[PDB]
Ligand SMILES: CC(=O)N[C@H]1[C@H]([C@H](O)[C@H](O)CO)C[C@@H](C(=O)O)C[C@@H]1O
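The chain below stands alone and is given as structure tokens, in the form deposited without the ligand.
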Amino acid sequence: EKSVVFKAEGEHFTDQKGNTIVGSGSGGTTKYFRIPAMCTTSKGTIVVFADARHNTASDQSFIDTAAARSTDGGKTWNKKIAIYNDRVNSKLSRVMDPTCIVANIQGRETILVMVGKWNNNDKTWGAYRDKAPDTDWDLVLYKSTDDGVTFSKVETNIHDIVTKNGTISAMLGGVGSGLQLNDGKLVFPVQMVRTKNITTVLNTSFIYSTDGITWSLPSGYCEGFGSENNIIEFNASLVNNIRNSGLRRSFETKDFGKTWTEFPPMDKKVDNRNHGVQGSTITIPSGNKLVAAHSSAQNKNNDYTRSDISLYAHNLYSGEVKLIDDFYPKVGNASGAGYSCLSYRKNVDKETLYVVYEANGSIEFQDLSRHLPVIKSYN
């Protein structure tokens, strides 16, 4: 049922010159993996990104962005580093927290992956609010136009638009996957730490682009909560689905990011209990209707173990919610647990629904396609 994408203490990567990366797992393996992101192409190719936390599960550690590629439906995986940290600080240099998009960008099928980058900061990003933006921070974007075989840096204006805004200390993608709108626009959900003088520490929003090079921020902000979030497109709205301690939150914007209001079909529908957790939210067509599929943890121990990572369906018309599958019905590792990413496509007449998720320091994959008739009914 499950394949292992990245095995904790079981992978060996090489650096840009071809020398092994000696981590702290047994045998000099990478110690721990976190924060999976999955994007599936029109060829059926699955690409899974994750933090390769070579030494420890801590966010403040030495991390590269690994990529695993499967062309056999998730049975086997070719693994490499997609994004290397800057190798300034052997304890702290890091590229982390991926969000991916698969899109047709002016005709060219592209996988985008966006990650935050730090070097010398020894604390989490909320501790750095004095500058607009933090000098240790960056937000980097890589692309593949060869079906996930090679990734190259994209030169963007993302750092510039954050500086121009003047009230953002640091920004990340929302974690998991972004989207391409029906009209072609590329949209990354984002999370941001505001400068100190702003009363709200965290906000959610999005960045958008036509070409993947020049990006824009909307003028408005959504309340931050636990800030990790995903966006779906539903009629003339963009709708988010945000981490929060307890009940997850969901807002809609009808003016392309100027204002946000609660979205009743998803707001407060799933309980992740203490601390909250990242969750993945996507749409699945059913005739000319849509259903939202969502994954996050039931968290039966009400703590950082984030047990029982589960798939839900949200009826976007009636607001009903139901549990479809508790696909990881296990207590997680409190060093870092609970995260997931869904991926749906219809390629020709073949519909696929896949998930990746955190499993005791490893990243696992499941093919959840057998659940599609149940999800699609929920309209």
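Sequential numbering from 1, following the sequence displayed.
With respect to the recorded C-alpha B factors, which stretch has the higher mean value, 198-206 or 117-125?
Stretch with the greater average CA B-factor: 198-206.
Quick check on the record: does 79-87 or 230-238 carry the larger mean Cα temperature factor?
Looking at the recorded C-alpha B-factors, 230-238 comes out higher on average.
Highest Cα B-factor in the deposition, which of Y221, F188, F251, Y142?
The listed residue with the largest C-alpha B-factor is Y221.
For the C-alpha B-factor as written in the entry, point me to the maximum among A37, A66, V348, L311.
So the option with the highest C-alpha B-factor is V348.
Among the modelled residues of this chain, does the Cα B factor of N288 put it in the lowest, middle or highest third?
Highest third of the chain for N288's C-alpha B-factor.
Among the chain's modelled residues, which third holds the C-alpha B-factor of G246?
According to the entry, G246 has a C-alpha B-factor in the chain's highest third.
Tell me, lowest, middle or highest third: where does the Cα B factor of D183 rank within its chain?
Its C-alpha B-factor belongs to the highest third of this chain's values.
Select lowest, middle or highest to describe the third in which the CA B-factor of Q16 falls within its chain in this entry.
According to the entry, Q16 has a C-alpha B-factor in the chain's highest third.
Compared with the other modelled residues in the chain, in which third is the CA B-factor of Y317?
Highest third of the chain for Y317's C-alpha B-factor.
FYI, the form deposited with the ligand bound isn't displayed, but the following is about it.
Within 4.5 Å, heavy atoms only, which of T259, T163, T124, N274 is in contact with the ligand in the deposited complex?
Only one listed residue qualifies here, and that residue is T124.
Mark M96 yes when one of its heavy atoms lies within 4.5 Å of a heavy atom of the ligand in the deposited complex, and no otherwise.
Contact with the ligand, yes.
Answer yes if any heavy atom of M192 is within 4.5 Å of a heavy atom of the ligand in the deposited complex; otherwise answer no.
No, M192 sits far enough from the ligand in the deposited complex that none of its heavy atoms falls within 4.5 Å.
Could you tell me if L311 has a non-hydrogen atom within 4.5 Å of the ligand in the deposited complex?
No, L311 stays farther than 4.5 Å from the ligand in the deposited complex.
Please tell me whether any heavy atom belonging to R243 falls inside 4.5 Å of a heavy atom of the ligand, as the geometry stands in the deposited complex.
Close contact exists here: in the deposited complex, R243 approaches the ligand to within 4.5 Å, heavy atoms only.
Verify the flagged residues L179, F234 and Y378 against the ligand in the deposited complex: is each one within 4.5 Å by a non-hydrogen atom?
No residue of the spot touches the ligand in the deposited complex.
In terms of non-hydrogen atoms within 4.5 angstroms, which of the given stretches 41-49, 27-35, 319-327, 343-351 touches the ligand in the deposited complex?
One stretch meets the cut-off, namely 27-35.
Contacts with the ligand in the deposited complex - residues in 339-378 whose heavy atoms fall within 4.5 Å:
The one in contact is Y339.
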